[PDB]
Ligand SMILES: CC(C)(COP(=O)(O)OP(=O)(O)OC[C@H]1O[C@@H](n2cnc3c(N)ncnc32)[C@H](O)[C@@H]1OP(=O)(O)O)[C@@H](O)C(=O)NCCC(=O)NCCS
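A single chain comes next, written as structure tokens; it is the form solved without ligand COA.
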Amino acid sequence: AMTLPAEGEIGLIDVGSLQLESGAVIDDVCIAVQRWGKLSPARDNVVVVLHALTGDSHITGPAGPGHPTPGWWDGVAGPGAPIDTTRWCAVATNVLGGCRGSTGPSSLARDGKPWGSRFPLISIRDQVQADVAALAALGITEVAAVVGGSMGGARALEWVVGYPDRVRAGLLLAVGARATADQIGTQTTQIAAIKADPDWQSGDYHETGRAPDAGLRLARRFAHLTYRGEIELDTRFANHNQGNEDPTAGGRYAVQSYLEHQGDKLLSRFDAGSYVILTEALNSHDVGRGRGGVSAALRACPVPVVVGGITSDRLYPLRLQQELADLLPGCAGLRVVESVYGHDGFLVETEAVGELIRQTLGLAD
């Protein structure tokens, strides 16, 4: 019954208490939402856009006051765009556990203090439950489609599997049916780097004026390597030095300066507690849990879907998307995005990803 925010603006949707997969109960949850395009009278034209690990609800448009980053899928929603806002209403949330409007470790609880270590562990399924509740509070009980890559693709997968009667189509991009050992390996070690930072303070650094900046930077540097293509990295930087710096005398290599810059950029806009909470959700991703395993769960989902994967992806290798396309009966076949940019192709390959979105919405109309 709540009203959508004005186009482009952030709305804060109270969804109340949620029972979580761990057994924990979290009260007074708030989900930030942005939308583009008008809602149809039947409220049946919503396209939910699901952001990745460090993304937010700002899917398109420039950076500015209230938006540290530009649209992470800039141009995806608009007149004549892949999500054509003359027909569709693009809606994006800030995920549960995030730090740009939705309830997370850095958010203030009802006592005026950050949740901090009081914030419970959440799953991808918990994130979907919270988004579904936020849409329901807005009078939206069915969506035309859900689209997302990376962690967004995991949210989309659990949405189509968990609510097959309430979504007409999905795009699953650069994701797998469950977390893999390699993903869990790098992800748990990323968390360990943050927790080993002496300023982590058991997750309750928020009020102390100290923060685990060194740990968060290291986590992001290792993560960024998993997001890139091996060949393109060497084509861009090789073993060259940064500018006129001398690595044998305290200077940096070019790829090293680049990685340091990636760490600095994240620190300026993202919370370490959110990084930990959301990476834990990645670790527990498993569409098969409680549903008889991965094959049984996918084979029983009748939702039409487009599945896309990136050739050079080193974090979510193409074999994971081939499995999704082979097992989901609503998938006509894997769509292969050839890209040199690795996992990050799901953000950079604007033309190819735009076409996957258009194909997805074709299955929902």
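When you see a residue number, it is the position in the sequence shown, counting from 1. Only residues modelled in both forms are compared. In this text, rigid core is short for the largest set of C-alphas that superpose within 1.5 Å between two forms.
Form deposited with ligand COA bound: not shown, discussed below.
Novice: Let me know the one among 301, 53, 39, 327 whose heavy atoms come within 4.5 Å of ligand COA in the deposited complex, would you?
Specialist: In short, 53.
Novice: Exactly one residue in 113, 195, 291, 236 has a non-hydrogen atom within 4.5 Å of ligand COA in the deposited complex; which is it?
Specialist: Spelling it out, the residue with a heavy atom inside the cut-off is 236.
Novice: Please tell me whether any heavy atom belonging to residue 205 falls inside 4.5 Å of a heavy atom of ligand COA, as the geometry stands in the deposited complex.
Specialist: Taking the distances in the deposited complex, the answer for residue 205 is no, it never comes within 4.5 Å of ligand COA.
Novice: Contact between residue 200 and ligand COA in the deposited complex at 4.5 Å, heavy atoms?
Specialist: Contact check for residue 200: no, nothing within 4.5 Å of ligand COA in the deposited complex.
Novice: Applying a 4.5 Å heavy atom distance criterion, does residue 348 contact ligand COA in the deposited complex?
Specialist: Yes.
Novice: Any of the heavy atoms of residue 214 lying within 4.5 Å of ligand COA in the deposited complex?
Specialist: Contact check for residue 214: no, nothing within 4.5 Å of ligand COA in the deposited complex.
Novice: Given a 4.5 Å cut-off on heavy atoms, tell me which of 45-53, 332-340, 29-37, 58-66 is the interface stretch with ligand COA in the deposited complex.
Specialist: This holds for exactly one stretch, 45-53.
Novice: In the deposited complex, do 224, 262 and 344 all put a heavy atom within 4.5 Å of ligand COA?
Specialist: Verified in the deposited complex; spot residues all in contact, yes.
Novice: After the core is superposed, which of these residues, 209, 198, 290, 112, moves its CA 2 Å or more between the shown form and the other one?
Specialist: Result of the comparison: 112.
Novice: Superpose on the core, then tell me which runs of at least 3 consecutive residues have all their CA atoms shifted by 2 Å or more between the shown form and the other one.
Specialist: Run 110-112 stands out as the only one displaced between the shown form and the other one - at least 3 residues long.
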